[PDB]
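# Sharing the initial chains of the complex here, in place:
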Amino acid sequence: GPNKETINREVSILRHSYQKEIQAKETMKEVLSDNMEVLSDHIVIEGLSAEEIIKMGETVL
């Protein structure tokens, strides 16, 4: 019924799949790197403290 060319056809694209998964973590990684450098840039300071800004985000959105 089955055929060695079938079990392999699966196990084949099977390894290729995992690949995309690990390559993924490599992408989402570069992202957070960006989201991170950002928070640092807009991290207000002096004259205004992120806390005061939150105070405006605590009363009402």
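Okay, I see it. Numbering: from 1, shown residues only, chains lettered A, B, ... in the order given.

# Based on its surroundings, how many neighbours for residue A:25?
Using other CB atoms under 10 Å, residue A:25 is surrounded by 8 other residues. C-betas here are computed from N, CA, C, even on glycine.

# Spit out the contact partners of it.
By CB atoms under 8 Å, 6 or more residues apart in numbering, residue A:25 lies in contact with nothing.

# Point me to the helix or strand that includes it.
For residue A:25, the element it lies in under DSSP states H and E is helix A:4-42.

# residues of that helix that come out buried?
For helix A:4-42, a neighbour-count test (16 or more other CB atoms under 10 Å) marks nothing as buried.

# so how far is it off the chain centroid?
10 Å (CA atoms, centre = their mean, to the nearest Å).

# What of stretch A:42-50?
27 Å.

# Need the contact partners of it.
So stretch A:42-50 is contacted by residue A:53 (CB under 8 Å, 6+ apart).

# Repeat the analysis, applying 10 Å as the threshold.
Under the criterion CB atoms under 10 Å, 6 or more residues apart in numbering, residues A:39, A:51, A:52, A:53, A:55, A:57 lie in contact with stretch A:42-50.

# next one is chain B, place it on the structure:
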Amino acid sequence: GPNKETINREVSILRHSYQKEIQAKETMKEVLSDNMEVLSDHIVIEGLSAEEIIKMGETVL
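Chain B now in position relative to the chains above:
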């Protein structure tokens, strides 16, 4: 022909594959937890209403 070692292989990576997935929603929920943090950081401000601001630039980009 087919060999119990080959079905087990694909089934082995299978379990590992799911792992990456769940650990994916984890790093994902983080990417947003940050993105939102920055958004809710500025938030609408009297005088510097982030909302009103956006409008001003929506009239003529």
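
# can you check the buried residues of helix A:4-42 again with chain B included?
Residues of helix A:4-42 classed as buried: A:7, A:14, A:21, A:35 (neighbour count, 16 or more other CB atoms under 10 Å in any protein chain shown).

# Those residues: which ones sit near chain B?
A:7, A:14, A:21, A:35 (CB under 10 Å from any CB of the partner chain).

# Show me which residues of chain A sit near chain B.
Within chain A, the residues that sit near chain B (CB under 10 Å from any CB) are A:2-4, A:6-8, A:10-15, A:17-18, A:20-22, A:24-25, A:28-29, A:31-32, A:34-36, A:38-39, A:41-44, A:50, A:53-54, A:56-57, A:60-61.

# ok, residue A:38 - contacts?
B:34, B:35, B:37, B:38 (CB atoms under 10 Å, 6 or more residues apart in numbering or on different chains).

# Swap in 8 Å and give it another go.
Contact analysis of residue A:38 by CB atoms under 8 Å, 6 or more residues apart in numbering or on different chains lists residue B:38.

# Now do the helix holding residue A:25 against helix B:4-42, angle only.
20 degrees (axes from the mean of the first three to the mean of the last three CA atoms, to 10 degrees).

# slot chain C in:
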Amino acid sequence: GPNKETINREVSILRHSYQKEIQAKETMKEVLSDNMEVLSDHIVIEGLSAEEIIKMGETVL
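With chain C added, the chains above now look like this:
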């Protein structure tokens, strides 16, 4: 080893992982919505044209 139960395990988890994937596409579109807003938000205006600054940083990084 070869037992319709083992291939069914790979197929059953398949639909499960699939769901997570499509759903992921949903959380992805979100990352953009939060991005376009984060961009159209800080987009400075009146005083410093996002173009003038952007260009200035173009001459050199």
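
# so, the contacts of residue A:38 revisited with chain C in the model?
B:38, C:38.

# how about 10 Å then?
Shown in contact with residue A:38 (CB under 10 Å, 6+ apart): B:34, B:35, B:37, B:38, C:38, C:42.

# For chain C, what's the nearest residue on chain A?
residue A:42 (7.0 Å; CB to the nearest CB).

# My guess is residue A:10 contacts residue B:6. True?
Yes. At 8.9 Å, residue A:10 and residue B:6 qualify as touching, with contact defined as CB atoms under 10 Å.

# List, one by one, the residues from chain A near chain C.
Residues of chain A lying near chain C by CB under 10 Å from any CB: A:2, A:7, A:10, A:14, A:17, A:24, A:31, A:35, A:38, A:41, A:42.

# Which residue comes closest to the residue nearest the centre of chain A once chain neighbours are left out?
The residue lying closest to the centre of chain A (CA atoms, centre = their mean) is residue A:28, at 3.3 Å. Distances taken as CB to CB, 6 or more residues apart in numbering or on different chains place residue B:27 nearest to residue A:28, at 5.2 Å, with adjacent residues excluded.
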